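Trainee: Structure: target.txt, compact mmCIF, C-alpha atoms.
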```txt
# COMPACT_ATOMS: atom_id res chain seq x y z
CA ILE A 2 -8.53 -21.09 2.77
CA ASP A 3 -6.33 -21.06 5.81
CA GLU A 4 -3.52 -22.08 3.51
CA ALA A 5 -4.05 -19.00 1.32
CA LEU A 6 -3.78 -16.79 4.39
CA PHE A 7 -0.74 -18.49 5.89
CA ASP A 8 1.05 -18.20 2.62
CA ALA A 9 0.10 -14.58 2.10
CA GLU A 10 1.24 -13.82 5.66
CA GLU A 11 4.54 -15.57 4.94
CA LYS A 12 5.08 -13.60 1.74
CA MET A 13 4.28 -10.35 3.56
CA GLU A 14 6.83 -10.68 6.36
CA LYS A 15 9.45 -11.27 3.69
CA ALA A 16 8.38 -8.02 2.10
CA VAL A 17 8.69 -6.26 5.48
CA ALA A 18 12.18 -7.72 5.88
CA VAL A 19 13.15 -6.32 2.48
CA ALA A 20 11.94 -2.89 3.61
CA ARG A 21 13.95 -3.26 6.82
CA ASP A 22 17.14 -4.14 4.96
CA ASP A 23 16.55 -1.51 2.30
CA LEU A 24 16.05 1.12 4.99
CA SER A 25 19.21 0.03 6.79
CA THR A 26 21.35 1.22 3.86
CA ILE A 27 20.21 4.80 4.53
CA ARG A 28 23.11 6.35 6.56
CA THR A 29 22.24 8.74 9.39
CA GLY A 30 25.68 9.10 10.90
CA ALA A 31 28.68 6.98 9.98
CA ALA A 32 29.80 4.08 7.71
CA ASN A 33 28.69 0.42 7.68
CA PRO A 34 29.74 -2.69 5.63
CA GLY A 35 25.99 -3.31 4.91
CA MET A 36 25.49 0.22 3.47
CA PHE A 37 26.53 -1.55 0.28
CA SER A 38 24.68 -4.76 0.82
CA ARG A 39 22.16 -3.95 -1.85
CA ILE A 40 24.61 -2.83 -4.51
CA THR A 41 24.96 -5.31 -7.44
CA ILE A 42 26.61 -5.58 -10.80
CA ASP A 43 26.20 -7.80 -13.85
CA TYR A 44 28.77 -10.52 -13.19
CA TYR A 45 28.86 -12.94 -16.16
CA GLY A 46 25.05 -12.59 -16.74
CA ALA A 47 24.09 -12.66 -13.03
CA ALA A 48 23.11 -9.76 -10.72
CA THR A 49 25.83 -10.15 -8.11
CA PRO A 50 26.23 -8.18 -4.86
CA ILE A 51 29.55 -6.37 -4.72
CA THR A 52 30.19 -7.99 -1.28
CA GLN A 53 30.76 -11.32 -3.13
CA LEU A 54 33.37 -9.62 -5.38
CA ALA A 55 35.17 -7.48 -2.79
CA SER A 56 36.29 -7.66 0.82
CA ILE A 57 34.33 -4.91 2.69
CA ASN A 58 36.37 -3.47 5.54
CA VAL A 59 35.72 -0.48 7.85
CA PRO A 60 38.91 1.09 9.35
CA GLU A 61 37.62 4.52 10.44
CA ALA A 62 34.10 5.28 11.64
CA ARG A 63 33.54 7.28 8.41
CA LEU A 64 35.55 5.23 5.86
CA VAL A 65 34.95 1.89 4.13
CA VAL A 66 37.58 -0.09 2.21
CA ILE A 67 36.34 -2.07 -0.78
CA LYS A 68 39.05 -4.33 -2.10
CA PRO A 69 37.98 -6.10 -5.33
CA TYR A 70 39.23 -9.68 -5.59
CA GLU A 71 39.66 -9.07 -9.36
CA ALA A 72 41.39 -5.81 -10.33
CA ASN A 73 39.49 -5.87 -13.62
CA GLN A 74 36.16 -5.65 -11.73
CA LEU A 75 37.10 -2.46 -9.85
CA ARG A 76 35.67 -0.02 -12.24
CA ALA A 77 32.30 -1.80 -12.65
CA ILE A 78 32.14 -2.06 -8.84
CA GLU A 79 33.11 1.58 -8.43
CA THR A 80 30.52 2.60 -11.05
CA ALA A 81 27.74 0.71 -9.23
CA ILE A 82 28.55 2.61 -6.01
CA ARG A 83 28.30 5.98 -7.82
CA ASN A 84 25.04 5.10 -9.53
CA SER A 85 23.53 4.01 -6.22
CA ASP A 86 21.23 6.05 -3.98
CA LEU A 87 24.08 6.55 -1.53
CA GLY A 88 24.79 10.02 -2.98
CA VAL A 89 28.47 9.49 -2.30
CA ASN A 90 31.45 9.55 -4.67
CA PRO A 91 34.22 6.91 -4.30
CA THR A 92 37.90 7.06 -5.27
CA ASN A 93 40.44 4.38 -6.17
CA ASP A 94 44.19 3.80 -6.15
CA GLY A 95 44.03 0.97 -8.72
CA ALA A 96 43.40 -1.77 -6.16
CA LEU A 97 41.07 -0.74 -3.36
CA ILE A 98 37.95 1.41 -3.26
CA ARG A 99 37.74 4.02 -0.52
CA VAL A 100 34.57 5.84 0.29
CA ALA A 101 34.10 8.62 2.82
CA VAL A 102 30.54 9.63 3.77
CA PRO A 103 29.96 13.43 3.58
CA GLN A 104 29.71 15.39 6.91
CA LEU A 105 25.92 14.87 6.61
CA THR A 106 24.22 18.22 5.66
CA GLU A 107 20.69 19.44 6.24
CA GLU A 108 19.94 19.33 2.49
CA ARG A 109 21.16 15.73 2.65
CA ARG A 110 18.84 14.95 5.58
CA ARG A 111 15.76 16.00 3.67
CA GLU A 112 16.71 13.77 0.76
CA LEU A 113 17.36 10.79 3.05
CA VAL A 114 14.01 11.25 4.76
CA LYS A 115 12.41 11.35 1.32
CA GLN A 116 14.31 8.19 0.32
CA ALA A 117 13.03 6.50 3.49
CA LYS A 118 9.37 7.27 2.77
CA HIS A 119 9.80 6.08 -0.83
CA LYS A 120 11.37 2.71 0.09
CA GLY A 121 8.41 2.14 2.48
CA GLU A 122 5.91 2.84 -0.28
CA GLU A 123 7.72 0.34 -2.56
CA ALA A 124 7.45 -2.27 0.20
CA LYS A 125 3.77 -1.41 0.57
CA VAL A 126 3.16 -1.92 -3.14
CA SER A 127 4.68 -5.40 -2.76
CA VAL A 128 2.55 -6.23 0.33
CA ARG A 129 -0.55 -4.96 -1.45
CA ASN A 130 0.24 -7.10 -4.51
CA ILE A 131 0.45 -10.16 -2.21
CA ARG A 132 -2.97 -9.34 -0.88
CA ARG A 133 -4.36 -9.04 -4.42
CA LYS A 134 -3.01 -12.46 -5.39
CA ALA A 135 -4.32 -14.05 -2.22
CA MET A 136 -7.69 -12.36 -2.68
CA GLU A 137 -7.86 -13.82 -6.22
CA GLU A 138 -7.38 -17.30 -4.72
CA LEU A 139 -10.20 -16.70 -2.22
CA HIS A 140 -12.40 -15.56 -5.11
CA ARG A 141 -11.57 -18.83 -6.88
CA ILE A 142 -12.18 -20.96 -3.82
CA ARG A 143 -15.61 -19.35 -3.62
CA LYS A 144 -16.31 -19.83 -7.34
CA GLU A 145 -15.28 -23.55 -7.31
CA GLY A 146 -17.50 -24.31 -4.28
CA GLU A 147 -14.41 -25.27 -2.17
CA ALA A 148 -15.55 -23.54 1.01
CA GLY A 149 -18.80 -21.93 2.16
CA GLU A 150 -19.41 -18.24 1.44
CA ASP A 151 -19.34 -17.32 5.11
CA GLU A 152 -15.95 -18.99 5.57
CA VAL A 153 -14.58 -17.20 2.48
CA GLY A 154 -16.22 -13.95 3.78
CA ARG A 155 -14.32 -14.26 7.12
CA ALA A 156 -11.06 -15.02 5.27
CA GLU A 157 -11.41 -11.84 3.15
CA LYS A 158 -11.69 -9.77 6.35
CA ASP A 159 -8.76 -11.69 7.91
CA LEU A 160 -6.69 -11.15 4.83
CA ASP A 161 -7.25 -7.38 4.94
CA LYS A 162 -6.64 -7.31 8.71
CA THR A 163 -3.32 -9.05 8.23
CA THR A 164 -2.33 -6.92 5.27
CA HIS A 165 -2.87 -3.84 7.42
CA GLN A 166 -0.65 -5.26 10.19
CA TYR A 167 2.34 -5.54 7.77
CA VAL A 168 1.70 -2.18 6.13
CA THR A 169 1.76 -0.72 9.61
CA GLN A 170 5.00 -2.53 10.49
CA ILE A 171 6.40 -0.80 7.39
CA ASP A 172 5.11 2.59 8.57
CA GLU A 173 6.86 2.02 11.93
CA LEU A 174 10.14 1.16 10.20
CA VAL A 175 9.95 4.31 8.14
CA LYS A 176 8.96 6.31 11.22
CA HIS A 177 12.04 5.04 13.20
CA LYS A 178 14.35 5.85 10.33
CA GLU A 179 13.25 9.45 9.87
CA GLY A 180 13.51 9.93 13.63
CA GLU A 181 17.02 8.63 13.59
CA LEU A 182 18.15 10.81 10.74
CA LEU A 183 16.66 14.02 12.28
CA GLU A 184 18.29 13.52 15.75
CA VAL A 185 21.13 11.04 14.95
```
Can you give me the file's structure in the form of structure tokens?
Mentor:
Amino acid sequence: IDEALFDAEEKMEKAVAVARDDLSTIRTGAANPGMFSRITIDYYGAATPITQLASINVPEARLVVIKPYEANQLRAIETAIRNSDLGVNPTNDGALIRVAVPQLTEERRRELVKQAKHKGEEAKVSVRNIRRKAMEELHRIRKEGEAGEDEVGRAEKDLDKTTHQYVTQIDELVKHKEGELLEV
């Protein structure tokens, strides 16, 4: 009963932390080595972040250097960057992947803001799914006679109260991000 809630709560903060990380890849200014922290390729049957397959170094404020450990992996790596939501286009000199963020742009801003809201809604779907699963377990508890109806009643309210707390955290994260990309 309490266990169902603790667990749900635990699963929900993890969802919030995914939102947080996801949102942090949305540039608002200049480069970052974690702008690419979410980018993966198929590496011998496994979804592998490109940060495991390349040194990720920032020389300028605007430039990142991606240096594949395996020259043969460069193109796959490069292709994953281009297919990403980063809306940037990398180059290469055969051994090193250079990527300069565009000067921003007001058209670009609007897209970023839109990306921000979307990533929040994805994170909300996940949080809501966690609620549903936990609610199913409270419905079972009640059916099997494992706790009294009042107790299960209170837990359903607590579950929804908690869910709302994490959805709201997500709203604040999205809120901060749009702020940042309108001023910053």
Trainee: Residues at most 9 Å from residue 110 of chain A, counting only C-alpha atoms, excluding those fewer than 2 positions away in the same chain, as a ChimeraX atom specification?
Mentor: /A:29,105-108,112-115,179,182-183
Trainee: Which of these, A:170, A:164, A:49, A:92, has the shortest distance to residue 121 of chain A once you count only C-alpha atoms?
Mentor: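 Among the listed residues, A:170 lies closest to residue 121 of chain A.
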Trainee: So, with all atoms listed in the file as the atoms that count, which of A:88, A:95, A:46, A:30 lies closest to residue 71 of chain A?
Mentor: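 Checking each candidate against residue 71 of chain A, we get A:95 as the closest.
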Trainee: At a cut-off of 10 Å, using all atoms listed in the file, what residues contact residue 102 of chain A? Leave out same-chain residues fewer than 5 positions from it and give the result as JSON, numbers by chain.
Mentor: {"A": [28, 30, 31, 32, 62, 63, 64, 65, 87, 88, 89, 90, 91]}
Trainee: Counting only C-alpha atoms, which residue out of A:143, A:19, A:38, A:176 sits closest to residue 85 of chain A?
Mentor: A:38
